[PDB]
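First up is the structure itself, then whatever we jot down about it.
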Amino acid sequence: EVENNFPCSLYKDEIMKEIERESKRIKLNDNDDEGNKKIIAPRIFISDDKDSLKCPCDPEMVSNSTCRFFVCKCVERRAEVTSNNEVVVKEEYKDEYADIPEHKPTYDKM
Numbered sequence: 436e437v438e439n440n441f442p443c444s445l446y447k448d449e450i451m452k453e454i455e456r457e458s459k460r461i462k463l464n465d466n467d468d469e470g471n472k473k474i475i476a477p478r479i480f481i482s483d484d485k486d487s488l489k490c491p492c493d494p495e496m497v498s499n500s501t502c503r504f505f506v507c508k509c510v511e512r513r514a515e516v517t518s519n520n521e522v523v524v525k526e527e528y529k530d531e532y533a534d535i536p537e538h539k540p541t542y543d544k545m
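Each residue of the sequence shown is one higher than the one before, counting from 436 in the deposited numbering.
Spelled out as structure tokens, the structure:
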């Protein structure tokens, strides 16, 4: 017997899904402590290619030529965390130095 839907990329080479069992991955349990590294995939594949998209987020359908590829589409470009809006240019003072500036008093700093 032969399945009608033949996975093109899955038959071409290994899958970037880095999965041991099925085509899913380890559930987002976080806590389970079942030994060391438990890896059980409970879901089957849906795309003939999972490496081309390079992102398993959102299942878009790209037919290309004849295969059904579920490509990433949950990211517009790149979700980067903002860490600079209108920060005033300044210089971070040096904590200490590997030298002796002067005599100094007692335990200062704080």
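Virtual Cβ for every residue (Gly too), placed ideally from N, Cα, C.
{"Query": "Cβ pair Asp493, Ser444 closer than 8 Å", "Result": "no"}
{"Query": "Sub-8 Å separation of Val506 and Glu495 beta-carbons", "Result": "yes"}
{"Query": "Meets three-Cβ-pair contact criterion under 8 Å: the stretch 452-466 and the stretch 474-489", "Result": "yes"}
{"Query": "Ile481 versus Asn471, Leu463 and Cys502, residue with shortest Cα-Cα distance", "Result": "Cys502"}
{"Query": "N-terminal and C-terminal residue of the alpha helix (DSSP H) that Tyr446 is part of", "Result": "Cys443 to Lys447"}
{"Query": "Which of helix, strand or coil DSSP assigns to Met496", "Result": "strand"}
{"Query": "Contacts around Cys490, its chain only, beta-carbon distance under 6 Å, and the 5 residues preceding and following it disregarded", "Result": "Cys507"}
{"Query": "Strand pairing of residue 558, partner residues [DSSP]", "Result": "With the chain covering only 436 through 545, there is no way to say anything about residue 558."}
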